[PDB]
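Both blocks below hold the same protein chain, though in two forms, and each is given as structure tokens: structure 1 and structure 2.
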Structure 1
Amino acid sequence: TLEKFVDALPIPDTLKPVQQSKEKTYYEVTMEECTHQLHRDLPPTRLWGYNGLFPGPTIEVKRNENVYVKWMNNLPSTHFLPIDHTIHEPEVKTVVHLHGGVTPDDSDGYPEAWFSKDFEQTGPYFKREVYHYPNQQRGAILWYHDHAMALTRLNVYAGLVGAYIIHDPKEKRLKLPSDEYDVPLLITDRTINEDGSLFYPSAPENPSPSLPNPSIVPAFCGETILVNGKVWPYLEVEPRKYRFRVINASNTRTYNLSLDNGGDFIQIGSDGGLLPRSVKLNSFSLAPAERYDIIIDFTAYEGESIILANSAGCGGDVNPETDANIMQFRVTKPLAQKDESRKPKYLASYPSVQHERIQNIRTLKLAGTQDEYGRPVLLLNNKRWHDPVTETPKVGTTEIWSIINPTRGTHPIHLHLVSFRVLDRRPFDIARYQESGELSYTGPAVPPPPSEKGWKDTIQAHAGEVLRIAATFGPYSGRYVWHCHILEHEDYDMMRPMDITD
């Protein structure tokens, strides 16, 4: 296996606007096939990258900054990963979703608003080439990635992911670590062939001859872990406080992170922004598309090498020599200045200060069926993506969504547009629910832990539990989506339209 910790962690450069004035900032980002070396001992890997970079450039904006991004497809007309034509026109379709963005619907990256190279062909919901992000929302770590219908798992795996940070100047007074000391960590698992090329399965193992070829698989677990486009990298840090924006940009894999010197993380933020109170943690779970905004204090660890370790399995127990490792910090960089940063306990208002009336309660089941080839098709409420819309909240109203998961694993559920509150999780009798549809609880409700007392947009719905969240659907109306963020599930067919009506 590749030798761990021999390449430095790349820090993606911050994108510079093509045009900028007090009234508007305009960016251009072009999707290109490109080659980059992913590890010291591999030949360069062919990838698809935003501005030909993997990951894409980090975009940084202010709260309320009037931003435009023209996302362009300059990719080849043929894909390089295995396309399964039986699950759903040009072969290569792309569209960019700013994950976490409070965004007008035609700029949200709807799966059917895709475009081919140079916008030659566009999907039925395409309206515009240049996307608009008003950023009228809390400071937070967002990220952007491909969202095209039936191809998201392939386009994202090819390398189409990047970070986007909204800075709210009202938070500057908190003195959180900043600038060179505020570093995004985009984690992506991959399997790489000897010749350096990416490997993505063209079918399940044990391929019944009843399967199409290629065939979609229900989950992808990569053999190697990359951070910011390098396999098991190291980062040299100064012995002081750093802020890390940790993003899970993997197709399926969930991580459970810790530090091998027993140090703590101080969580300061979740998907939707700063938590009301900082939270000291020895470990945390991070499923696909979730973000943790954390401080690590290396002050007392000068000279040490500390591994950011992983204990979550993917298709099996973790292997101590490979996927149990994410990256290595080396506390060997001399201090450039006094550490004037802080790790305050009091960070922001509690979401619970809000007292919205509950307009509606929706009950949603995570289910599925089996196709003519014997494969599982995962479905939200047993509806297909193409079935008539059923999730139709009224603009400005607040709803409780009750997500029932009778399946064997966790599904990370993402709602577009909004961030929401976690109310509680409660275990139920699976067999009974499956036989009769009756929901019978086997224990009391459990309120969220501190890490989930703030705002979330992608939320783990564990097996054998009902998860309740509360969301206010606004400020925009229109057609969005909600879906599982295991990409292999999303593309077949665990995604539904969401109409916020006026």
Structure 2
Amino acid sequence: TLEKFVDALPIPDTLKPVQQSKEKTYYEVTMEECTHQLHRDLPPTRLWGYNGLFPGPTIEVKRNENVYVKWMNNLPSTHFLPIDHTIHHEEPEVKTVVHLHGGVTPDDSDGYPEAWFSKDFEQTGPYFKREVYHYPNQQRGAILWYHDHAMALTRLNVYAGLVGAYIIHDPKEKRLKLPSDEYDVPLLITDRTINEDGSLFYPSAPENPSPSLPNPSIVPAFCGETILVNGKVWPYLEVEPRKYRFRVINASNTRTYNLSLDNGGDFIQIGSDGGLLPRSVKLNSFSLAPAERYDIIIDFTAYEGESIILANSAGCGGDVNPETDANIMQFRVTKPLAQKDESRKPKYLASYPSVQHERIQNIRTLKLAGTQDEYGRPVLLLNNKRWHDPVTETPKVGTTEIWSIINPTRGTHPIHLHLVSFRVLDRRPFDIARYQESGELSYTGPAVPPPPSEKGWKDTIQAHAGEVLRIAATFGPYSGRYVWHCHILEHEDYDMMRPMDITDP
């Protein structure tokens, strides 16, 4: 039973380039088995870490900076977490590939799940093309993050510790004078279950498993008993009584958070997955599903001396427990001011999306569903296709589509499209039983436009149960072979992921 708020929040160091010039910035990152202590009272934990760190180093780039990262695997040939060998398939047991989540990235640098590699690239997957990924960064400033994306192993490799932040700074943002430097802090939130000996627990099977069930077996969801921020269990952060910017990243496998401050204070949302909102939005609470990012300002100016808990009210396999998962971290407003707070919390942030969208080239209707496998396990599917089935989502480069995502299942799925960001058009409830019985879509209420939080640009979006969600994206500027998928990792791996081919005629 781990005492809350006894370790300081780590802030990952900013990765330094191996080589840098005005034309090119070159980085190296090596995946390593490592050990770090996750709580004051735990023995050190075995982990897989980018450059031996959990989370990985934070990478900072400018818009249009010509960046190269050689992601290397120096991992052991056997996993320390339970591999289910029935969900896919001579290949190595341990395979890896890094996806820069949110990256406007050429397809062979996107971290395709079948572009994996084993240690030193000894073996490579069928869609591997290159060692050194290229990130031209021709996109709006935003909070990105990087993490493993290997076929059939993503839930394990991420849970092992392969996550890191990547921030794109646009020099144009600077006139806004948003909190910066030490007043701009990433918060990577990961839930974990940890054994008494300090080792990570990840389930090798569902509860009360039939003896015919593979062993190990995948589970459809995982809720951790403990919450970590930047690699420490329920940490505290000393802050100055002034404005801070936080880059809030949900890097958890399944868990959705619903965040608040326990003094009833407000957040100011300045940004979503895809960058700055056109206007700042004052929020008392916000939902944050796997792979979503909220760029927020918290103004501690009026709370000097106070301890304020960043709290959580979203359940995960049950109601939050006030003593455990209802807590994320604690702010202590006890750091003396190092200088005048010259930062701002502006109302006006950026241009609205150009109202003159392109013409709608196509409208895809897509269903979230699940069948059962030969062992009785749920298999989560996009439009009843398996990963290996021939590609059906085939937008043309430079064209705009609307995707209507129909969710008749009992849960929310956070759906991520690679390469692009998109606008959220609306959500609308429908008759679930009728849809299940006849395949016919009968709305039970009007279309609800998104909340202000979702009026800018998104790349990972919650599709709630009993709703049709509509989004719009322009597919470009690159063509090639990408993916879209649920970002509950346990779903992603079996098998709620599909190829997405962006074509050039």
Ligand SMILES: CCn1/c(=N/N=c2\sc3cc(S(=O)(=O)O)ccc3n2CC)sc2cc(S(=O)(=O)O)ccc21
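The first residue in the sequence of structure 1 is number 1, and each one after it adds one. We call the rigid core the largest set of C-alpha positions that still match within 1.5 Å between the two forms.
Remark: the form solved in complex with the ligand is the source of structure 2; structure 1 originates elsewhere.
When the two forms are superposed on their rigid core between the two structures, the C-alpha shift of 2 Å or more among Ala300, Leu335, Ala431, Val353 belongs solely to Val353. On the core-superposed pair, the CA position of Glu194 changes by 0.3 Å between the two structures. Here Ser208 exhibits a Cα shift of 1.7 Å between the two structures, evaluated on the superposed rigid core.
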